[PDB]
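Raw contents of start-v7.cif, mmCIF, C-alpha atoms:
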```
data_my_file
#
loop_
_atom_site.label_atom_id
_atom_site.label_comp_id
_atom_site.auth_asym_id
_atom_site.auth_seq_id
_atom_site.Cartn_x
_atom_site.Cartn_y
_atom_site.Cartn_z
CA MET Z 1 0.00 0.00 0.00
CA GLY Z 2 3.00 2.35 0.79
CA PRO Z 3 6.87 2.27 0.99
CA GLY Z 4 6.97 0.17 4.21
CA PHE Z 5 4.94 -2.58 2.45
CA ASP Z 6 7.16 -2.09 -0.66
CA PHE Z 7 10.38 -2.94 1.31
CA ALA Z 8 8.60 -5.83 3.13
CA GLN Z 9 7.33 -7.34 -0.20
CA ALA Z 10 10.89 -7.05 -1.73
CA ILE Z 11 12.25 -9.11 1.21
CA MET Z 12 9.40 -11.69 1.13
CA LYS Z 13 9.58 -12.28 -2.68
CA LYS Z 14 13.34 -13.15 -2.74
CA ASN Z 15 14.51 -13.92 0.83
CA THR Z 16 11.87 -16.29 2.36
CA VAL Z 17 11.07 -20.01 2.18
CA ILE Z 18 8.45 -22.11 3.92
CA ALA Z 19 10.26 -24.24 6.55
CA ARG Z 20 8.50 -27.33 8.02
CA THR Z 21 9.79 -29.16 11.15
CA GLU Z 22 7.95 -31.69 13.42
CA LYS Z 23 6.76 -28.54 15.36
CA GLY Z 24 4.94 -26.95 12.30
CA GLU Z 25 5.31 -24.62 9.29
CA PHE Z 26 7.38 -21.40 9.78
CA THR Z 27 8.24 -18.34 7.72
CA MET Z 28 12.06 -18.70 7.30
CA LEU Z 29 14.26 -15.71 6.38
CA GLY Z 30 17.23 -16.43 4.11
CA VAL Z 31 20.13 -13.99 4.89
CA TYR Z 32 23.05 -14.91 2.51
CA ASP Z 33 24.53 -17.97 0.69
CA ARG Z 34 22.61 -21.05 2.16
CA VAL Z 35 22.22 -19.46 5.66
CA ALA Z 36 18.74 -18.72 7.08
CA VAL Z 37 17.12 -18.05 10.47
CA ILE Z 38 14.10 -19.51 12.31
CA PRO Z 39 12.73 -19.38 15.88
CA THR Z 40 14.61 -21.79 18.17
CA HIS Z 41 11.24 -23.31 19.31
CA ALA Z 42 10.95 -24.76 15.69
CA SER Z 43 13.40 -27.48 17.03
CA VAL Z 44 15.40 -27.85 13.76
CA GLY Z 45 16.92 -31.35 13.36
CA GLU Z 46 19.19 -33.12 10.80
CA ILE Z 47 16.47 -32.84 8.05
CA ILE Z 48 13.96 -30.05 7.36
CA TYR Z 49 11.42 -29.44 4.55
CA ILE Z 50 12.05 -26.25 2.49
CA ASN Z 51 9.07 -25.40 0.18
CA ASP Z 52 8.04 -29.12 0.69
CA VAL Z 53 11.47 -30.52 -0.48
CA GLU Z 54 13.42 -32.76 1.94
CA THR Z 55 16.63 -30.81 2.81
CA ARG Z 56 19.69 -31.87 4.86
CA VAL Z 57 20.70 -29.40 7.60
CA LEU Z 58 24.51 -28.78 7.32
CA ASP Z 59 24.64 -26.78 10.62
CA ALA Z 60 22.11 -25.42 13.17
CA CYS Z 61 23.13 -23.06 16.06
CA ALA Z 62 20.67 -21.82 18.75
CA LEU Z 63 22.11 -18.39 19.63
CA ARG Z 64 22.57 -17.21 23.25
CA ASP Z 65 24.03 -13.91 24.51
CA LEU Z 66 27.31 -13.82 26.46
CA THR Z 67 25.25 -14.02 29.75
CA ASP Z 68 24.27 -17.56 28.40
CA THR Z 69 20.65 -16.25 27.97
CA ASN Z 70 18.38 -17.56 25.15
CA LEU Z 71 18.01 -15.20 22.08
CA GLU Z 72 15.31 -17.46 20.41
CA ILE Z 73 17.18 -17.31 17.00
CA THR Z 74 18.51 -20.48 15.33
CA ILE Z 75 20.93 -19.94 12.39
CA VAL Z 76 20.54 -22.82 9.90
CA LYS Z 77 22.86 -23.68 6.98
CA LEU Z 78 20.81 -25.63 4.35
CA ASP Z 79 22.10 -28.25 1.83
CA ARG Z 80 20.27 -26.30 -0.92
CA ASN Z 81 21.32 -26.02 -4.62
CA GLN Z 82 20.65 -22.24 -4.69
CA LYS Z 83 21.94 -19.18 -2.71
CA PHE Z 84 19.81 -16.40 -1.16
CA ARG Z 85 20.30 -12.76 -2.24
CA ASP Z 86 22.76 -11.30 0.32
CA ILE Z 87 20.63 -8.96 2.57
CA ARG Z 88 23.15 -8.55 5.44
CA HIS Z 89 23.56 -4.78 4.60
CA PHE Z 90 19.86 -4.32 5.68
CA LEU Z 91 20.57 -5.66 9.23
CA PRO Z 92 20.98 -3.17 12.12
CA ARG Z 93 24.35 -3.03 13.89
CA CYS Z 94 22.92 -2.18 17.39
CA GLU Z 95 19.85 -2.77 19.63
CA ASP Z 96 17.31 0.02 18.92
CA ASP Z 97 13.64 1.11 18.92
CA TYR Z 98 11.86 1.71 15.56
CA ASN Z 99 8.82 3.44 14.09
CA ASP Z 100 6.25 2.15 11.62
CA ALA Z 101 7.28 -1.56 11.20
CA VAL Z 102 5.55 -4.32 9.11
CA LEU Z 103 5.36 -8.01 10.10
CA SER Z 104 5.28 -10.24 6.94
CA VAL Z 105 4.34 -13.99 6.92
CA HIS Z 106 4.23 -16.56 4.13
CA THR Z 107 2.94 -20.09 4.96
CA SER Z 108 0.28 -22.53 3.60
CA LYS Z 109 -2.11 -21.12 6.33
CA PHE Z 110 -1.17 -17.39 5.81
CA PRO Z 111 0.20 -16.72 2.25
CA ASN Z 112 1.18 -13.13 1.27
CA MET Z 113 0.24 -11.75 4.74
CA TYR Z 114 1.49 -8.20 5.72
CA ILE Z 115 0.58 -6.47 9.08
CA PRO Z 116 1.40 -2.79 9.89
CA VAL Z 117 2.41 -3.25 13.58
CA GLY Z 118 3.41 0.41 14.22
CA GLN Z 119 5.97 1.44 16.87
CA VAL Z 120 8.55 -1.17 17.98
CA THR Z 121 10.02 -0.95 21.54
CA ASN Z 122 13.45 -2.35 22.54
CA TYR Z 123 11.69 -4.40 25.30
CA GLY Z 124 14.83 -6.36 26.39
CA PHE Z 125 14.02 -9.20 28.83
CA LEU Z 126 10.97 -11.48 28.32
CA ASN Z 127 9.97 -14.72 30.01
CA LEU Z 128 8.99 -16.36 26.69
CA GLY Z 129 7.03 -19.63 27.23
CA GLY Z 130 8.84 -19.96 30.61
CA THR Z 131 12.31 -19.33 29.06
CA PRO Z 132 14.25 -16.17 30.06
CA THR Z 133 14.98 -14.42 26.70
CA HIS Z 134 17.01 -11.23 25.82
CA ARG Z 135 17.00 -8.70 22.88
CA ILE Z 136 13.17 -8.78 22.51
CA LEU Z 137 11.34 -6.21 20.35
CA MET Z 138 7.65 -5.52 21.25
CA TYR Z 139 4.77 -4.22 19.10
CA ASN Z 140 1.16 -3.58 20.13
CA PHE Z 141 -0.58 -5.96 17.68
CA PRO Z 142 -2.65 -9.02 18.73
CA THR Z 143 -0.51 -11.55 16.75
CA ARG Z 144 -1.65 -15.26 16.47
CA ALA Z 145 -0.24 -18.79 16.01
CA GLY Z 146 0.87 -19.17 12.35
CA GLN Z 147 2.99 -15.94 12.51
CA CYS Z 148 6.22 -17.37 14.16
CA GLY Z 149 9.25 -16.71 11.91
CA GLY Z 150 7.46 -13.74 10.33
CA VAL Z 151 9.87 -10.98 9.26
CA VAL Z 152 9.83 -7.54 10.96
CA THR Z 153 11.01 -4.70 8.67
CA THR Z 154 11.11 -0.93 8.46
CA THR Z 155 11.95 0.93 5.21
CA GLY Z 156 15.56 -0.03 4.63
CA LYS Z 157 15.96 -2.45 7.58
CA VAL Z 158 15.30 -6.12 8.47
CA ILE Z 159 15.08 -5.84 12.30
CA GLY Z 160 13.74 -9.17 13.70
CA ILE Z 161 11.74 -12.38 13.45
CA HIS Z 162 8.40 -12.90 15.28
CA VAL Z 163 8.79 -15.41 18.21
CA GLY Z 164 5.59 -14.99 20.31
CA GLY Z 165 2.78 -12.89 21.78
CA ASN Z 166 0.40 -12.54 24.79
CA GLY Z 167 -2.87 -11.85 22.86
CA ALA Z 168 -2.44 -7.99 22.98
CA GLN Z 169 1.32 -7.59 22.17
CA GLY Z 170 3.68 -9.42 19.76
CA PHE Z 171 7.39 -10.13 20.34
CA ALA Z 172 10.33 -10.46 17.91
CA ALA Z 173 13.94 -11.61 18.39
CA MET Z 174 16.36 -8.90 17.13
CA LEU Z 175 18.55 -9.60 14.07
CA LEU Z 176 21.97 -7.94 14.33
CA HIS Z 177 24.65 -7.73 11.55
CA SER Z 178 27.16 -9.33 13.99
CA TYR Z 179 25.22 -12.68 13.97
CA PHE Z 180 26.14 -13.25 10.22
CA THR Z 181 29.84 -12.15 9.79
CA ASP Z 182 31.87 -15.01 8.05
#
```

Could you write out this file's structure as structure tokens?
Amino acid sequence: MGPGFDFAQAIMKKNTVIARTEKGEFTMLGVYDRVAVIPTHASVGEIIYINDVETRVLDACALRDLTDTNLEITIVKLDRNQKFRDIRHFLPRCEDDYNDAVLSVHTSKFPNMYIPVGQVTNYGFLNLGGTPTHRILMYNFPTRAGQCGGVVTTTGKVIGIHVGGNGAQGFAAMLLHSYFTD
């Protein structure tokens, strides 16, 4: 509808796949080469389905901060025959608050879904499903099951992936440039 949705669509159309684990279908953001991210509660194993094709997992790393606190981001390297467009230059370098973000989801349940979520707070600590979690972004939208893995963008920036909600608010794990240096 406007330039926020423009940037979100440009990321969805080239940098997402549908990931299926034994815990469900997730929006999965591809970052560069064969490297993608997904919520850690997806419980990635040795094999994953990528757009319904059986795919070997070459590496999976559940990130934690240097306090040994959950970040709810798993970095996955896929045995895929095709690279993702490199989008690492759209990742923030530091923790921050944002205005006027969009949450974008693409699954079998919710194809081509875009939600203007508005202002994003650097929330910090969250007890997420009973797990102490850091680097949480919060937005005041009543987000639902089906949305986990959804991408949170502003114009020019890819800032997080949706990891939960409480019925009134939604919560994303931050993406930082420093997670994807090689």

Practice task
Evaluate the PyMOL selection byres ((chain Z and resi 116) around 12) here and jot the selected residues down as a list in words.
Solution key: residues 1, 2, 3, 4, 5, 8, 99, 100, 101, 102, 103, 104, 105, 113, 114, 115, 117, 118, 119, 120, 139, 140, 141, 142, 143, 151, 152, 153 and 154 of chain Z

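Closest approach to residue 155 in chain Z among Z:17, Z:91, Z:61, Z:35 is made by Z:91 (distances from only C-alpha atoms).
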
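Distances here use only C-alpha atoms; by that measure, the residue among Z:93, Z:109, Z:80, Z:134 closest to residue 50 in chain Z is Z:80.
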
Exercise for the section: May I have the residues at most 10 Å from (20.7, -4.5, 16.1) in the file's coordinates, counting all atoms listed in the file, as a PyMOL selection string? Expected result: chain Z and resi 91-97+122+135+157-160+174-179

Give me, as a short mmCIF file (atom, residue, chain, number, x, y, z; two decimals) with C-alpha atoms, in the frame of the given file, all polymer residues having an atom no more than 9 Å from residue 37 in chain Z, counting all atoms listed in the file and skipping those fewer than 3 positions away in the same chain.
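New file result_38.cif:
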```
data_model
loop_
_atom_site.label_atom_id
_atom_site.label_comp_id
_atom_site.auth_asym_id
_atom_site.auth_seq_id
_atom_site.Cartn_x
_atom_site.Cartn_y
_atom_site.Cartn_z
CA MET Z 28 12.06 -18.70 7.30
CA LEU Z 29 14.26 -15.71 6.38
CA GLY Z 30 17.23 -16.43 4.11
CA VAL Z 31 20.13 -13.99 4.89
CA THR Z 40 14.61 -21.79 18.17
CA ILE Z 73 17.18 -17.31 17.00
CA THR Z 74 18.51 -20.48 15.33
CA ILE Z 75 20.93 -19.94 12.39
CA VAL Z 76 20.54 -22.82 9.90
CA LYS Z 77 22.86 -23.68 6.98
CA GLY Z 149 9.25 -16.71 11.91
CA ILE Z 161 11.74 -12.38 13.45
#
```

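The residues returned by the PyMOL selection byres ((chain Z and resi 14) around 12) for this structure are residues 7, 8, 9, 10, 11, 12, 13, 15, 16, 17, 28, 29, 30, 31, 32, 82, 83, 84, 85, 86, 87 and 106 of chain Z.
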
Exercise for the section: Please provide the set of residues having any atom within 6 Å of residue 136 in chain Z, restricted to all atoms listed in the file, with same-chain residues fewer than 4 positions apart removed, written as a ChimeraX atom specification. Expected result: /Z:123-124,172-173

Could those selected residues go to a file with C-alpha atoms, as a short mmCIF file (atom, residue, chain, number, x, y, z; two decimals), in the frame of the given file?
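Below is the file that was written, part14.cif:
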```
data_model
loop_
_atom_site.label_atom_id
_atom_site.label_comp_id
_atom_site.auth_asym_id
_atom_site.auth_seq_id
_atom_site.Cartn_x
_atom_site.Cartn_y
_atom_site.Cartn_z
CA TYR Z 123 11.69 -4.40 25.30
CA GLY Z 124 14.83 -6.36 26.39
CA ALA Z 172 10.33 -10.46 17.91
CA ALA Z 173 13.94 -11.61 18.39
#
```

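The nearest approach to residue 138 in chain Z among the residues Z:89, Z:121, Z:26, Z:163, with all atoms listed in the file taken into account, belongs to Z:121.
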
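Taking CA of residue 63 in chain Z and CA of residue 78 in chain Z as endpoints, the distance between them is 17.0 Å.
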
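Nearest to residue 67 in chain Z of all the residues Z:132, Z:43, Z:145, Z:167 is Z:132, based on only C-alpha atoms.
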